[PDB]
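A short write-up of the structure that comes next.
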Amino acid sequence: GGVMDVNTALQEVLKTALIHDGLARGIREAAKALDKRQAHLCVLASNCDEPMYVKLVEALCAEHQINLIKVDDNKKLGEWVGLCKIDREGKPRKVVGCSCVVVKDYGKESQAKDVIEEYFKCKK
Amino acid sequence: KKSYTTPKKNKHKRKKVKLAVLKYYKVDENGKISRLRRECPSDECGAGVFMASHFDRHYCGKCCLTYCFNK
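Residue numbers (PDB author numbering), protein chains in the order written: chain O, 9 to 132; chain f, 82 to 152.
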């Protein structure tokens, strides 16, 4: 389905991915996700803490599974997944970046997720 | 009945302090990940958890009563 824009498509992933609990936030879980074959999607972003990890994530995509997408601004991904799920209209206690997240088999496979993502993925 | 008197010891284990964690994979060449020590393939590890190279020991926090060499 979708309108075939990369950003609002990846949002439709994220909706059902939240329910699926596919989100592997933080470096330890990110590493474990891509060292595992259960991952199917990766998105990275600009320098959060080091310019080293942005390199390392590409290094892991090389060795294990190429799937990478880059959408910059840590604050974007930080907003996109709150405490466990995106939480409130507000929420000033956190909005801190997740810096990169990995999602498992586009969350759920039930509807539009497969087509919107597959259109981009073989090209990228 | 009565209320407590006075000790003076008052310490905590450590707060598991916020550090730059995962450089257990070392960047040398592209896209190679240079391990210094095994990312343990225990009997229930998914190979997504590392094992500590303690120096004088070999210890995983998951396999913590088992699979602990002293080398």
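Built from N, CA and C at the ideal position, the CB exists for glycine as well.
Q | Chain-ordered neighbours of O/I35 on chain f, where CB pairs are closer than 7 Å | A | Going along chain f in sequence order, the residues near O/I35 (Cβ under 7 Å) are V102 and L103.
Q.
Please return the same chain residues whose Cβ sits closer than 6 Å to the Cβ of O/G115, not counting the five positions on each side in sequence.
A. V21, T24, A25, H28 and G30
Q. For the beta strand (DSSP E) that contains f/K107, what are its first and last residues?
A. If you look at f/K107, you'll find it in the beta strand (DSSP E) that goes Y106 to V108.
**Q.** Against chain f: residues of the region 55-71 of chain O by CB proximity under 9 Å
**A.** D57, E58, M60, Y61, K63, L64, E66, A67, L68, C69, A70 and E71
Q: Tell me, please, which residues DSSP counts as bridged to O/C130.
A: BP columns for O/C130 are empty, so no partner.
Q: Please state if the CB of f/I114 and the CB of O/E117 are separated by a distance shorter than 8 Å.
A: no
Q: Rounded to whole angstroms, what's the CA-CA distance from f/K83 to f/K92? Just pull it up for me.
A: 25 Å
Q) Tell me, which residues are paired with f/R119 by DSSP? A) In the DSSP output, where bridge partners are listed per residue, f/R119 has none listed.
Q) Does the beta carbon of f/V130 come closer than 8 Å to any beta carbon on chain O? A) With 8 Å as the cut-off, f/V130 counts as an interface residue toward chain O.
Q. O/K40 touches chain f at which residues, Cβ-Cβ below 9 Å?
A. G127, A128, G129 and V130
Q.
Rounding to the nearest angstrom, what Cα-Cα distance links O/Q46 and f/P88 in this structure?
A. 53 Å
Q: Pair every Cβ in the region 84-101 of chain O with every Cβ in the region 57-70 of chain O, then say whether three or more of these pairs are closer than 8 Å.
A: Per the Cβ contact rule, the region 84-101 of chain O is not in contact with the region 57-70 of chain O (fewer than 3 Cβ pairs under 8 Å).
Q: Run down chain f in chain order and give the residues with a C-beta less than 7 Å from the C-beta of O/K112.
A: Ordered by position in chain f, no residue passes the 7 Å Cβ test against O/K112, which lies about 13 Å from the chain.
Q | Contact with chain O by f/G142, beta-carbon distance below 8 Å | A | no
Q. Who are the near neighbours of O/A41 in its chain, counting only those whose CB is closer than 6 Å to its CB and skipping five residues on each side?
A. Only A32, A47 and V110 meet the Cβ criterion.
Q. Can you tell me whether f/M132 is buried or exposed, with buried defined as 16 or more other CB within 10 angstroms of its CB?
A. buried
Q.
Against chain O, with Cβ distances strictly below 8 Å, would f/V108 count as a contact?
A. yes
Q: Look up f/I114 in the DSSP assignment and give the residues it is bridged to.
A: The secondary-structure analysis by DSSP pairs f/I114 across a beta bridge with f/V108.
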